[PDB]
Amino acid sequence: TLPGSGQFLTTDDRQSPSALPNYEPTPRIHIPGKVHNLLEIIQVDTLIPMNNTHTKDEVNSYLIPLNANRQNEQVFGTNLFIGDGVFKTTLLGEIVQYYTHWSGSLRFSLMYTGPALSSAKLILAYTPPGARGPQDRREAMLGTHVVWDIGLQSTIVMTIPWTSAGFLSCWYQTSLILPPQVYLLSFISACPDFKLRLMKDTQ
Amino acid sequence: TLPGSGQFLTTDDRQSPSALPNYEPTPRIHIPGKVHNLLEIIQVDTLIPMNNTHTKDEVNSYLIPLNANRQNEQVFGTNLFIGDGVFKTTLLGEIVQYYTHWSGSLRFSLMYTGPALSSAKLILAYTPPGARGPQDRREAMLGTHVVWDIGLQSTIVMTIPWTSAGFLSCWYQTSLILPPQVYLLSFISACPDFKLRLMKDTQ
Amino acid sequence: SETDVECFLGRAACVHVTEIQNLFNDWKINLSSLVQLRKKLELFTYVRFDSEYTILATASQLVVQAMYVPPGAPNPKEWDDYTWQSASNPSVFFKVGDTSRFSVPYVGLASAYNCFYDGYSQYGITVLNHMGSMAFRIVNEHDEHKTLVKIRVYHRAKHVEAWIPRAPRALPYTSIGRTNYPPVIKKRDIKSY
Amino acid sequence: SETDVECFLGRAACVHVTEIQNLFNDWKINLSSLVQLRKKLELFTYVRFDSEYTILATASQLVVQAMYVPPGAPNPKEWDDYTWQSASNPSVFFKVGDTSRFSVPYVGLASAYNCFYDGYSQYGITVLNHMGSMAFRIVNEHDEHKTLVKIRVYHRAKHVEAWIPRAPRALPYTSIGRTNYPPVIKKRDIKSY
Amino acid sequence: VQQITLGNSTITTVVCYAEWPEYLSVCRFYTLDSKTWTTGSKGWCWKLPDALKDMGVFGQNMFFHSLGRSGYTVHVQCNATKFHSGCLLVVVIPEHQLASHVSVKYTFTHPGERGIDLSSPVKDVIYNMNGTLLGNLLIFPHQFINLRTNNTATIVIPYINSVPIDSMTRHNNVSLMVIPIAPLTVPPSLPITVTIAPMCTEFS
């Protein structure tokens, strides 16, 4: 017998004698919605509780408030820590916090729910890791951004570059023209290139 | 079970169950300067701290002093013990002292760093093991030597025969003609035929 | 390959930590007692896997019988019941300090075990995810001193399959088999990075 | 063939000699604590090998749990912590007097471990050569006397690869992960054979 | 022959680990302050890419993008007549962990274009800043500058690091050191001009 014989290594998956070798279990049928890979379900976009400034959790916590008669102010702003803060309870931070290293591309989306008469221009500037997040509309517009006209197109989808932490700000280019409080809906998902390794256990 | 079962022989390399069989480690890329064999790096010549007559280690310790108005004197002289004395700290004696038996050919080199106007004739006599090292210039010149004109050729390379301990002396054939202290640089390396066996552990 | 369900739910967890005397304990097989395994199981509605128990018995100051009681067999009521000797209850005899290992097939009645059941057959009392019960007894007789044999059962789900992904659980548990709960989203302002 | 790096660095060394009580010790995996292994590792800048531990537990006047804690998992703070039962921490159960044996893959973040790092991420505090941590506990309960189980861990580097050969170390060490030093060339005259 | 032209600049004029720098713009000759090899000099140490942290577009893009990856061609010149003697040791030390004169502070491990004059981390040249003798440093790619024999030394350093790209402001990949082994004896000072040209410079 070689060293380490008669030990029980919990990570050693071995075949074992069945205690009921004759019992034929009930046959397996095809139930719909099988998930083979967790990268199948992080592809689905889920709401971000971005308004953590609320003291209790409620559906309003999924709503980023936007206000009329605001130009050059900041709408929202977030870090990309996928284990604490605002992302810890989303589907991304709920599966990501089971592992240690998350190398993969993200798809970050927003949806405007205001009235059909309202319109606004928001700057979605993406600051990569290593720089300081913008604190005014000009540093953000001088960078990488998409000019999304909320009045025309109610939904924008932005592909965040491969990351393997960077900042994200929103600014009013023009004033919000109101009809004669509005809310923003933010969604997060993962691109199909999102790997996951060293599965851990939170305590 | 045969005798010696359930023992842990430290030199018995065996396959073992992995504790993390699913973890795919980060893939290995080609970093430059891989050393597969220690005979690759003992081929590179390194300085010899030949001037151990100094009471502290300093860069001058790599310098063998040569002096003008010296004929028939001895420049330097060394034994070939590759585990103690002057060779114990060179790259040769630092890898050689991890093993017990060193059977292989050496390449012993010198480099003159004097002024462009200086010249001298040194006798590099190699005395094989079993004889007594020369103590005058005539016994050395009557033996195996290379007449290296430092004034003309600033670098000489001497192939030491296969050894598996012998002596090495240096003598001024002619006087050193100075311009209107000089230093010698010695290098040691191993020929590609240098075997190494019975790796040991110094304590 | 670490995100596959065969690897995510299929790792040996300790489903029960008990302590026996030299007397017995029965335990309904319920993997949802572990909030680390329960928090992984509740991201899916149905999950079907064969079971695999590795049982480690440790003394504290011998032979351990590990009996898997299938659905419908009677559980022991005394240490000297006749049910301990029923031929349909498989039992494994191993020494204290060693470890036992066996596998039980999919003993549910549906095509998968029911992690959640929206209805009545007791909203949570369902017989579809009942895998049976485990009884343990130190087979000995009037030993002149009592030695407590701590038993550590390690279950590993193998051939894991999952369906109907569910929302991840943010809050703790209060009961077994019921979703009854007693702010998880931590407060930051909203514009500050 | 004895000068190959698979044979020069790939020999089982005892990386830690501890003594437990019947209570625990955690230890950051650092092969550079051994000046015999550290003097061999510092002739190379980066070295990448899978690990292999053979653990010998000896009593002195039982079951030994050898848990490899991967990077990022919490270390135990009490002997009765919940972290001892975390399903992601692999643990091997073996008797005192016997020996355990398992292998851990390359758990560094770079393509090789960093033996030297010229910069900051603490000049020596780098997370690239962190292989995790090992915790050991004698699983027993209120045993009426305390028996000290000396544990001897033997690590053997396998699939050894090395790069960037470095100058051999002549002087001793003063700290862990730092090259800070407090004459090695012995005095003879220079012409005397 | 003697007029290596690189970009908009022009100058008048040993592959490390036999691995040529190669990709997975900013290639120009930067001529640093000329060092004075006096009779009592103990050596020089230049950190890369930290030695180029403020030199134009190279030093700017070093601070703008976090991750970068650059190779170098290092020309070290000790111009002299045919009466001057001496030899300088130009070595390239990957991940040159310094020993302090507790960890070594950032201002000295990252000294910039001036580098560290070892005649002023620990500055003991005998222990290579790490307790290893200077003589065993010859395993690295070197070349001797004997004014008798030569006057120029060229060292081609590839990108030597364990990640394909890394933050250039917190980690020096390689460090150029020039340590005088044979002292300058002259019939009492001699300038050394070091010109660093980054090649195969990559960014994020």
# chains A, B, ... in the order shown; residues from 1 in each chain; ligands from 1

$ interface_residues --of "chain D" --to "chain B" --cutoff "7 Å" --atoms "only C-alpha atoms" --output "ChimeraX atom specification"
/D:2-5,12,90,101-107,109,111,162-164,168,183,185-193

$ write_last_selection --atoms "N, CA, C and O atoms" --output "compact mmCIF listing (two decimals), in the first residue's frame"
# COMPACT_ATOMS: atom_id res chain seq x y z
N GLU D 2 20.57 14.20 -13.22
CA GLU D 2 20.34 14.72 -11.88
C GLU D 2 20.38 16.24 -11.82
O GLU D 2 19.95 16.82 -10.82
N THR D 3 20.89 16.90 -12.86
CA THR D 3 20.98 18.35 -12.90
C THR D 3 19.75 19.01 -13.51
O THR D 3 19.69 20.24 -13.56
N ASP D 4 18.78 18.23 -13.97
CA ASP D 4 17.54 18.80 -14.46
C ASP D 4 16.74 19.43 -13.32
O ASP D 4 16.81 18.99 -12.17
N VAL D 5 15.98 20.47 -13.65
CA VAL D 5 15.22 21.19 -12.64
C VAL D 5 14.09 20.34 -12.08
O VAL D 5 13.63 20.58 -10.95
N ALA D 12 11.18 16.07 -2.03
CA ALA D 12 10.28 16.32 -0.91
C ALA D 12 11.06 16.96 0.24
O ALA D 12 11.94 16.32 0.81
N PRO D 90 -11.06 21.67 1.03
CA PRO D 90 -10.82 20.22 1.04
C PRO D 90 -10.07 19.81 2.29
O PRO D 90 -9.11 20.47 2.69
N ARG D 101 -1.77 12.15 1.88
CA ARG D 101 -1.09 12.52 0.64
C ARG D 101 -2.12 13.04 -0.36
O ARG D 101 -3.10 12.36 -0.67
N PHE D 102 -1.89 14.26 -0.87
CA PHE D 102 -2.75 14.89 -1.86
C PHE D 102 -1.92 15.87 -2.68
O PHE D 102 -0.77 16.15 -2.36
N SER D 103 -2.53 16.39 -3.75
CA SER D 103 -1.87 17.33 -4.63
C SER D 103 -2.76 18.54 -4.89
O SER D 103 -3.98 18.40 -5.07
N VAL D 104 -2.15 19.71 -4.90
CA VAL D 104 -2.82 20.99 -5.16
C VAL D 104 -2.29 21.53 -6.48
O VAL D 104 -1.08 21.55 -6.70
N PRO D 105 -3.16 21.99 -7.40
CA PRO D 105 -2.65 22.51 -8.67
C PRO D 105 -1.95 23.86 -8.53
O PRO D 105 -1.87 24.40 -7.42
N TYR D 106 -1.49 24.41 -9.64
CA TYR D 106 -0.83 25.72 -9.66
C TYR D 106 -1.86 26.79 -9.33
O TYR D 106 -2.65 27.19 -10.19
N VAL D 107 -1.87 27.29 -8.10
CA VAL D 107 -2.92 28.22 -7.69
C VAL D 107 -2.43 29.68 -7.71
O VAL D 107 -3.05 30.54 -7.10
N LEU D 109 -1.60 33.41 -9.58
CA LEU D 109 -2.41 34.21 -10.50
C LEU D 109 -1.68 34.54 -11.79
O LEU D 109 -2.32 34.73 -12.84
N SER D 111 1.64 33.54 -14.62
CA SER D 111 2.00 32.30 -15.29
C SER D 111 3.08 31.54 -14.54
O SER D 111 3.48 30.45 -14.97
N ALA D 162 11.86 26.32 -14.43
CA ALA D 162 12.48 27.51 -13.87
C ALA D 162 12.98 28.44 -14.96
O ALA D 162 13.29 28.03 -16.08
N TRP D 163 13.05 29.72 -14.58
CA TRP D 163 13.40 30.83 -15.45
C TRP D 163 14.35 31.79 -14.74
O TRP D 163 14.60 31.69 -13.54
N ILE D 164 14.90 32.69 -15.54
CA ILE D 164 15.67 33.86 -15.13
C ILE D 164 16.73 33.49 -14.09
O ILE D 164 16.61 33.93 -12.93
N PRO D 168 23.62 32.99 -6.94
CA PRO D 168 23.39 32.17 -5.74
C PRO D 168 23.56 32.98 -4.47
O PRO D 168 24.41 33.88 -4.40
N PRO D 183 31.94 38.64 5.76
CA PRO D 183 32.56 38.25 4.48
C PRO D 183 32.50 36.76 4.18
O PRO D 183 32.95 35.94 4.98
N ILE D 185 33.76 35.39 1.27
CA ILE D 185 35.00 35.02 0.60
C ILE D 185 36.09 34.94 1.67
O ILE D 185 36.51 35.96 2.22
N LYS D 186 36.55 33.73 1.95
CA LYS D 186 37.49 33.49 3.04
C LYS D 186 38.89 33.91 2.62
O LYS D 186 39.29 33.71 1.47
N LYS D 187 39.65 34.47 3.56
CA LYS D 187 40.97 34.97 3.24
C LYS D 187 41.94 33.80 3.13
O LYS D 187 41.82 32.81 3.86
N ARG D 188 42.88 33.90 2.20
CA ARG D 188 43.85 32.84 2.00
C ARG D 188 44.71 32.63 3.24
O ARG D 188 45.93 32.52 3.15
N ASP D 189 49.04 34.24 1.00
CA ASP D 189 48.74 35.38 0.15
C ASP D 189 48.08 34.92 -1.16
O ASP D 189 47.81 33.73 -1.35
N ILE D 190 47.83 35.89 -2.04
CA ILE D 190 47.15 35.66 -3.31
C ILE D 190 47.99 34.77 -4.23
O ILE D 190 47.44 34.04 -5.06
N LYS D 191 49.31 34.78 -4.08
CA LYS D 191 50.14 33.95 -4.95
C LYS D 191 50.37 32.56 -4.40
O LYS D 191 50.77 31.67 -5.15
N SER D 192 50.14 32.34 -3.11
CA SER D 192 50.40 31.03 -2.53
C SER D 192 49.34 30.05 -3.01
O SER D 192 48.14 30.34 -2.94
N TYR D 193 49.78 28.89 -3.47
CA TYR D 193 48.87 27.85 -3.94
C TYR D 193 47.99 27.32 -2.79
O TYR D 193 48.19 27.66 -1.62

$ interface_residues --of "chain D" --to "chain E" --cutoff "12 Å" --atoms "only C-alpha atoms" --output "short mmCIF file (atom, residue, chain, number, x, y, z; two decimals) with N, CA and C atoms, in the first residue's frame"
data_model
loop_
_atom_site.label_atom_id
_atom_site.label_comp_id
_atom_site.auth_asym_id
_atom_site.auth_seq_id
_atom_site.Cartn_x
_atom_site.Cartn_y
_atom_site.Cartn_z
N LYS D 39 17.59 28.55 -0.58
CA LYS D 39 18.85 28.77 -1.30
C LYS D 39 18.82 28.12 -2.68
N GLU D 42 16.19 30.55 -4.79
CA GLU D 42 16.69 31.84 -5.21
C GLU D 42 17.77 31.83 -6.27
N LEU D 43 17.98 30.71 -6.97
CA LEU D 43 18.83 30.75 -8.15
C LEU D 43 17.96 30.92 -9.39
N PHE D 44 16.66 31.09 -9.16
CA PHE D 44 15.69 31.31 -10.22
C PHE D 44 14.74 32.40 -9.73
N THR D 45 14.22 33.21 -10.67
CA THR D 45 13.29 34.29 -10.33
C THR D 45 11.86 33.79 -10.27
N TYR D 46 11.41 33.09 -11.31
CA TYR D 46 10.08 32.51 -11.34
C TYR D 46 10.24 31.00 -11.47
N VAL D 47 9.36 30.27 -10.82
CA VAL D 47 9.37 28.81 -10.85
C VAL D 47 7.91 28.40 -10.73
N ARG D 48 7.47 27.49 -11.59
CA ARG D 48 6.08 27.04 -11.58
C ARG D 48 6.03 25.52 -11.53
N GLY D 108 -1.33 29.97 -8.41
CA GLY D 108 -0.89 31.34 -8.53
C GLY D 108 -1.72 32.08 -9.58
N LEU D 109 -1.60 33.41 -9.58
CA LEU D 109 -2.41 34.21 -10.50
C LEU D 109 -1.68 34.54 -11.79
N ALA D 110 -0.35 34.61 -11.75
CA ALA D 110 0.49 34.86 -12.91
C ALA D 110 0.78 33.53 -13.59
N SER D 111 1.64 33.54 -14.62
CA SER D 111 2.00 32.30 -15.29
C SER D 111 3.08 31.54 -14.54
N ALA D 112 3.57 32.12 -13.44
CA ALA D 112 4.57 31.53 -12.56
C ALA D 112 4.46 32.24 -11.22
N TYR D 113 5.01 31.62 -10.18
CA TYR D 113 5.01 32.23 -8.86
C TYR D 113 6.11 33.28 -8.84
N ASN D 114 5.95 34.33 -8.03
CA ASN D 114 6.97 35.38 -7.99
C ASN D 114 7.90 35.22 -6.80
N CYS D 115 9.13 34.78 -7.07
CA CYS D 115 10.12 34.65 -6.01
C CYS D 115 10.70 36.01 -5.62
N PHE D 116 10.74 36.94 -6.58
CA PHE D 116 11.17 38.33 -6.40
C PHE D 116 10.23 39.24 -7.17
N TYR D 117 9.86 40.39 -6.58
CA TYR D 117 8.95 41.33 -7.24
C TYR D 117 9.56 42.71 -7.04
N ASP D 118 10.06 43.32 -8.12
CA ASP D 118 10.65 44.66 -8.05
C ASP D 118 9.56 45.72 -8.21
N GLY D 119 8.83 45.94 -7.13
CA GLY D 119 7.81 46.95 -7.11
C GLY D 119 6.79 46.65 -6.02
N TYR D 120 5.66 47.34 -6.12
CA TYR D 120 4.62 47.35 -5.11
C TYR D 120 3.35 46.85 -5.77
N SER D 121 2.45 46.28 -4.98
CA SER D 121 1.19 45.79 -5.52
C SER D 121 0.04 46.74 -5.22
N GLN D 122 5.92 46.67 1.46
CA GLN D 122 5.14 45.62 0.82
C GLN D 122 5.85 45.19 -0.46
N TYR D 123 7.12 45.56 -0.54
CA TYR D 123 7.94 45.24 -1.70
C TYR D 123 7.95 43.74 -1.93
N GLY D 124 7.89 42.97 -0.85
CA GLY D 124 7.85 41.53 -0.89
C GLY D 124 6.44 40.99 -0.75
N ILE D 125 5.51 41.80 -0.27
CA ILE D 125 4.14 41.32 -0.07
C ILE D 125 3.48 41.27 -1.45
N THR D 126 3.41 40.06 -2.02
CA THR D 126 2.83 39.84 -3.33
C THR D 126 1.85 38.68 -3.18
N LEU D 128 0.92 36.84 -5.82
CA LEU D 128 1.10 35.89 -6.90
C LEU D 128 1.72 34.57 -6.45
N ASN D 129 2.58 34.55 -5.42
CA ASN D 129 3.15 33.29 -4.96
C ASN D 129 2.43 32.75 -3.73
N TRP D 163 13.05 29.72 -14.58
CA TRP D 163 13.40 30.83 -15.45
C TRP D 163 14.35 31.79 -14.74
N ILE D 164 14.90 32.69 -15.54
CA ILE D 164 15.67 33.86 -15.13
C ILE D 164 16.73 33.49 -14.09
N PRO D 165 17.70 32.63 -14.39
CA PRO D 165 18.58 32.18 -13.32
C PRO D 165 19.15 33.39 -12.58
N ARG D 166 19.30 33.27 -11.27
CA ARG D 166 19.73 34.38 -10.44
C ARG D 166 21.10 34.06 -9.84
N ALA D 167 21.71 35.05 -9.18
CA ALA D 167 22.97 34.81 -8.50
C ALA D 167 22.74 33.96 -7.24
N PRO D 168 23.62 32.99 -6.94
CA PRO D 168 23.39 32.17 -5.74
C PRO D 168 23.56 32.98 -4.47
N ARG D 169 22.76 32.66 -3.45
CA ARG D 169 22.83 33.38 -2.18
C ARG D 169 23.99 32.91 -1.31
N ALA D 170 24.85 33.84 -0.91
CA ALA D 170 26.01 33.50 -0.10
C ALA D 170 25.80 33.68 1.41
N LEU D 171 25.06 34.72 1.81
CA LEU D 171 24.74 35.09 3.19
C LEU D 171 23.38 34.58 3.66
N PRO D 172 23.20 34.49 4.99
CA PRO D 172 21.92 34.03 5.55
C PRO D 172 20.76 35.00 5.34
N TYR D 173 19.58 34.61 5.81
CA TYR D 173 18.35 35.38 5.69
C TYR D 173 18.01 36.02 7.03
N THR D 174 17.25 37.12 6.97
CA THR D 174 16.79 37.80 8.18
C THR D 174 15.28 37.97 8.28
N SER D 175 14.55 37.89 7.17
CA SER D 175 13.11 38.09 7.17
C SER D 175 12.51 37.17 6.13
N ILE D 176 11.18 37.07 6.13
CA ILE D 176 10.47 36.27 5.14
C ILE D 176 9.95 37.16 4.03
N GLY D 177 10.29 36.80 2.79
CA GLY D 177 9.92 37.54 1.59
C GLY D 177 10.73 38.78 1.29
N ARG D 178 11.75 39.10 2.08
CA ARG D 178 12.59 40.28 1.88
C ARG D 178 14.06 39.87 1.80
N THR D 179 14.81 40.52 0.89
CA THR D 179 16.22 40.23 0.66
C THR D 179 17.15 40.99 1.59
N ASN D 180 16.64 41.56 2.68
CA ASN D 180 17.45 42.41 3.53
C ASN D 180 18.52 41.56 4.21
N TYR D 181 19.78 41.94 4.07
CA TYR D 181 20.86 41.19 4.71
C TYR D 181 21.48 41.98 5.86
N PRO D 182 22.06 41.30 6.86
CA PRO D 182 22.60 42.05 7.99
C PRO D 182 23.80 42.91 7.57
N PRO D 183 31.94 38.64 5.76
CA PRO D 183 32.56 38.25 4.48
C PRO D 183 32.50 36.76 4.18
N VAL D 184 31.94 36.42 3.03
CA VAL D 184 31.78 35.02 2.63
C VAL D 184 33.06 34.51 1.98
N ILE D 185 33.76 35.39 1.27
CA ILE D 185 35.00 35.02 0.60
C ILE D 185 36.09 34.94 1.67
#

$ interface_residues --of "chain A" --to "chain E" --cutoff "8 Å" --atoms "only C-alpha atoms" --output "number ranges by chain"
A: 129-131

$ select_by_dssp --residues "region 1-113 of chain C" --states "helix (DSSP H, G or I)" --output "list in words"
residues 5, 6, 7, 8, 31, 32, 33, 35, 36, 37, 38, 39, 40, 41, 83, 84 and 85 of chain C

$ closest_atom_pairs --of "chain A" --to "chain B" --cutoff "6 Å" --atoms "only C-alpha atoms" --output "Markdown table"
| residue | atom | partner | partner_atom | distance |
| --- | --- | --- | --- | --- |
| A:1 | CA | B:5 | CA | 4.6 |
| A:2 | CA | B:6 | CA | 5.4 |
| A:3 | CA | B:8 | CA | 5.5 |
| A:11 | CA | B:19 | CA | 4.9 |

$ interface_residues --of "chain D" --to "chain C" --cutoff "7 Å" --atoms "only C-alpha atoms" --output "list in words"
residues 87, 140, 141, 142, 143 and 144 of chain D

$ residues_around --residues "residue 139 (chain D)" --least-positions-apart "2" --cutoff "8 Å" --atoms "only C-alpha atoms" --output "list in words"
residues 58 of chain C; 62, 63, 64, 65, 137 and 141 of chain D

$ residues_around --residues "residue 51 (chain E)" --least-positions-apart "2" --cutoff "10 Å" --atoms "only C-alpha atoms" --output "number ranges by chain"
E: 32, 45-49, 53-55, 59, 110-115, 172, 175-176, 196
